[PDB]
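Now for the letters of each chain:
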2 protein chains.
Amino acid sequence: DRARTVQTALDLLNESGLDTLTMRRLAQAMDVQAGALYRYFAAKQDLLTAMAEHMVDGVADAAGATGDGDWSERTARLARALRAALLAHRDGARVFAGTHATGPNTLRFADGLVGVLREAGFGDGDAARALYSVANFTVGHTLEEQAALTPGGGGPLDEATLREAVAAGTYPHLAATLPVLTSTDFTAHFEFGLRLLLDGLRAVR
Amino acid sequence: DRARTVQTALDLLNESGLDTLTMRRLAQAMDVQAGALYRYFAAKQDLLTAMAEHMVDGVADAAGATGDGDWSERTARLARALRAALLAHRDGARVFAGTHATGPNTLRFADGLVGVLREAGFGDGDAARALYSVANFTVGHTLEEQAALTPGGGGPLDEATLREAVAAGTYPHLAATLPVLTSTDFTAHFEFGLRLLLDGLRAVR
């Protein structure tokens with residue numbers, strides 16, 4: 001019932017986006033009274049929190065076992081799986097980024113990531129700080145990727161938006177690099193940023 | 001008039017946050033009819049876009065001139081100044097992250113950052129991709145920092161939230177690193193992630 005409500009809400013999210021997702025809209029979708037939904041979720045933020053926790057089901061398992069790649073490969077698989085889980089839902093990064101509890105799925109992901117680094121010889125401080133760096137980069141990247149793919153675009157560095165504002169005469173470095181900036185290859189951008197973080201971790205180990 | 005409206009909106013933002021900022025609330029604040037505001041801003045997203053562009057005024061100047069530190073120091077100053085500009089306003093990262101145009105202030109920041117890297121010997125692709133990595137990490141980090149400082153907390157890896165869910169018996173790597181995870185030293189976390197990115201750039205140069 002809670003589970004079915006979460007699934008319906010995720011369906012609605014894909015259909016018309018986060019901004020249109022209301023408890024009333026969800027009630028209309030399930031042919032119940034909004035009153036009913038409020039018995040399962042005290043507030044919309046509780047529903048959103050449950051959605052975010054469901055979206056990341058299985059993310060922690062992306063690391064596999066020790067030996068399934070070196071620490072940098074396993075760390076990369078965790079970050080990629082988090083990105084993929086958020087991209088699987090329209091406005092998914094916004095839902096995850098705005099969540100008001102940390103559930104078991106997220107805790108397993110965080111513990112797993114910190115564990116991979118500690119077991120590979122990173123000290124406590126480096127491993128915990130790396131969790132925040134990797135997670136915050138992944139969320140920031142995915143938020144901006146999803147903003148760009150939203151009908152009409154969005155985000156401060158939206159590919160298409162950059163192109164029209166730019167000239168070599170006024171923003172020459174943006175003009176010179178326009179093919180890359182306006183690339184729809186978000187995956188390549190993500191991999192590059194992840195590579196920077198992992199190279200940086202190699203340097204600090 | 002547009003400028004005064006933007007300032008009033010930023011004032012309101014600090015007072016009660018992004019979720020309560022409405023065109024009607026802004027109209028009440030300026031003792032005008034909402035109709036009036038819609039003559040200056042066709043939609044609330046246009047106001048938000050103008051707010052975001054104003055928040056980052058002067059960010060691009062953080063890089064200073066060539067020689068004012070090496071490329072890594074100038075790149076770090078740009079990222080720090082962006083973070084600081086968003087932290088200066090309640091929910092500032094949310095406003096910036098959700099913007100629907102790329103104005104001159106943001107373009108100058110982006111062009112300046114890419115320019116610092118190109119002039120230091122990075123190829124076009126690396127410099128442009130680095131812009132996205134640094135900006136997306138900075139935005140993701142600041143979004144999550146602001147979520148945590150919001151009355152009641154928030155964000156998937158909120159310091160306080162982590163503490164209560166964790167035991168050494170169930171999330172041992174989180175338990176072991178709890179001092180760091182629950183640290184209110186967001187600045188230290190930011191500097192660490194920035195260091196990772198810059199070390200990674202040193203590696204790829």
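Residues numbered from 1 in each chain as written, not as in the entry; some residues may be left out. Chains lettered and ligands numbered in written order. Heavy atoms only, no water.

The record names X-ray crystallography as the way this model was obtained, at a resolution of 1.950 Å.

With the PDB entry as reference, chain A is termed Putative TetR family transcriptional regulator, source organism Streptomyces coelicolor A3(2).

Visitor: Can you help me understand the overall build of chain A in this one?
Guide: Secondary structure summary: chain A contains 12 helices and 0 strands in total. Along chain A, helices (α) and strands (β) appear in the sequence α-α-α-α-α-α-α-α-α-α-α-α when read from the amino end. Counting only residues that meet the buried cut, chain A has 57% of its 205 residues in that class. Taking as baseline every contact in chain A between residues at least 6 positions apart, the subset at least 24 positions apart corresponds to 64%. Accessible surface, chain A as shown: approximately 8400 Å² in total, 49% of it carbon and sulfur. (Helix = DSSP H or I, 4+ residues; strand = E, 2+ residues; numbered from the N terminus. Buried < 20%, exposed > 50% of the residue type's maximum accessible area, 1.4 Å probe, protein only. Contact = heavy atoms within 4.5 Å. Areas by Shrake-Rupley, 256 points an atom, 1.4 Å probe, with all protein chains shown as cover.)

Visitor: What am I meant to see in the nonpolar core here?
Guide: Core analysis: the largest hydrophobic core is formed by 137 residues, its most contacted members being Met-51 and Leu-174 of chain A together with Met-51 and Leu-174 of chain B. Discounting chain neighbours no more than four positions away, the residues touching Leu-174 of chain B are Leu-107, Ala-110, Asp-111, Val-114 and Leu-131 of chain A together with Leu-162, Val-166 and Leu-181 of chain B. (Core = buried A, V, L, I, M, F, W, Y, C linked by side-chain atoms within 4.5 Å.)

Visitor: Looking at this structure, how should I read the pattern of salt bridges?
Guide: Any two side chains of opposite charge can pair, on the condition that their charged atoms come close. Residues and elements named next belong to chain A. This model, assessed by the stated rule, comprises 16 salt bridges over all chains. Across the pair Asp-124 and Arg-118 runs a salt bridge whose closest N-O atoms are separated by 2.7 Å. Taking the shortest distance from any N to any O, the salt bridge between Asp-126 and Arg-129 comes out at 2.8 Å. Within this pair, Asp-126 and its partner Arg-129 are both found in helix α8 (residues 124-149), separated by 3 residues, close to a single helical turn. With relative accessibility at 16%, the residue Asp-126 sits in the buried group. The network of salt bridges with common partners includes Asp-19, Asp-91 and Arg-94. (Salt bridge = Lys/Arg side-chain N within 4 Å of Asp/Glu carboxyl O.)

Visitor: What am I meant to see in the packing of helix α1 (residues 2-16) of chain A against helix α4 (residues 44-55) of chain A here?
Guide: Between two packed helices, both the angle of their axes relative to each other and the distance between the axes serve to describe the pair. Residue and element names in this part refer to chain A. Taken N-terminus to C-terminus, the directions of α1 and α4 make an angle of 85°; their axes are 10 Å apart at the nearest point. Classified by the angle between their axes, α1 and α4 sit roughly perpendicular to one another. Contact residues: α1 offers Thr-5, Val-6, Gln-7, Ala-9, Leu-10 and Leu-13, while α4 offers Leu-47, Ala-50, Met-51, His-54 and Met-55. (Axes fitted to C-alpha atoms, helices over the stretch in contact; angles between N-to-C directions. Parallel < 35°, antiparallel > 145°, perpendicular 65-115°, else oblique.)

Visitor: What exactly am I supposed to notice about the interface of chain A and chain B here?
Guide: With 62 residues of chain A at the interface, the matching set in chain B holds 62 residues. Overall, the association of chain A and chain B removes approximately 5500 Å² of surface from exposure, summing both partners, and the carbon and sulfur fraction of that is 70%. Looking at the side of chain A facing chain B, the largest losses of area belong to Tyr-132, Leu-157 and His-173 of chain A, adding up to 13% of the total buried there. Taken together, the connections running from chain A to chain B amount to 18 residue pairs in polar contact. Looking at the side of chain A that touches chain B, the elements with two or more residues in it are α6 (92-97), α7 (104-119), α8, α9 (159-165), α10 (172-176), α11 (178-181) and α12 (186-204) of chain A. Ranked by residue count, the leading element in the side of chain A that touches chain B is α8 of chain A, at 17 residues. The class makeup of the residues in the side of chain A that touches chain B is 31 nonpolar, 19 polar and 12 charged. (Buried area = accessible area lost by both parts, 1.4 Å probe. Polar contact = N/O pair within 3.5 Å; in protein donor to acceptor, adjacent residues only side chain to side chain. Nonpolar A, V, L, I, M, F, W, Y, C, P; charged D, E, K, R; others polar.)

Visitor: Any chance you could explain the relation of the copies chain A and chain B here in plain terms?
Guide: Mapping between the two chain copies consists of a rotation about an axis together with a translation along that axis. Once turned by 180° and shifted 0.0 Å along the axis, chain A lies on chain B with an RMSD of 0.0 Å. Expressed as an axis order, the relation between the two copies is that of a two-fold axis. Comparing interface residues between copies, 100% of those in chain A also sit at the interface in chain B, which points to an isologous, same-surface contact. (Least-squares fit on C-alpha atoms.)

Visitor: Can you help me understand the packing of aromatic side chains in this one?
Guide: Two numbers describe a pair of aromatic rings. These are the distance of the centres and the angle of the planes. Residues and elements named next belong to chain A. Enumeration according to the criterion identifies 4 aromatic pairs over all chains in this entry. With a centroid separation of 5.0 Å and an interplanar angle of 70°, the aromatic rings of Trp-71 and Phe-122 are classed as edge-to-face. Pair noted here: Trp-71 is in helix α5 (residues 71-87) and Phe-122 is in the loop between α7 and α8, with a separation of 51 residues, a long-range link. Among the residues examined, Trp-71 registers a relative accessible area of 11% and is labelled buried. Where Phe-137 meets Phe-190, the ring centres are 5.7 Å apart and the plane angle is 10°; that geometry is what we call stacked. Pair noted here: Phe-137 is in helix α8 and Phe-190 is in helix α12, with a separation of 53 residues, a long-range link. Judged on exposure class, the residue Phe-137 and its partner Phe-190 are both buried. (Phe/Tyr/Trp six-rings, centres within 6.5 Å; stacked < 30°, edge-to-face > 60°.)

Visitor: What should I look at first to understand the domain arrangement of chain A in this one?
Guide: In many analyses, interface size is given as the accessible surface area lost on bringing the parts together. Residues and elements named next belong to chain A. According to the domain assignment, chain A consists of domain 1 (1-54) and domain 2 (56-205). The C-alpha centroid of domain 2 is placed 27 Å from the C-alpha centroid of domain 1. With 15 residues of domain 1 at the contact, the number on the domain 2 side is 16 residues. Counting the surface lost from both domain 1 and domain 2, the interface buries some 1300 Å², and carbon and sulfur atoms represent 50% of this. If you look at where domain 1 meets domain 2, you find 1 salt bridge. We note a salt bridge from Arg-94 to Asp-19, for which the minimum N-O separation is 2.8 Å. Scanning the region where domain 1 abuts domain 2 turns up 12 residue pairs in polar contact. At the level of secondary structure, the elements contributing two or more residues to the side of domain 1 that touches domain 2 comprise α1 and α4. Ranked by the residues each element gives to the side of domain 1 that touches domain 2, the list is headed by α4, at 7 residues. Within the side of domain 1 that touches domain 2, the residues separate by chemical class into 6 nonpolar, 6 polar and 3 charged. (Domains from an automatic or database assignment.)

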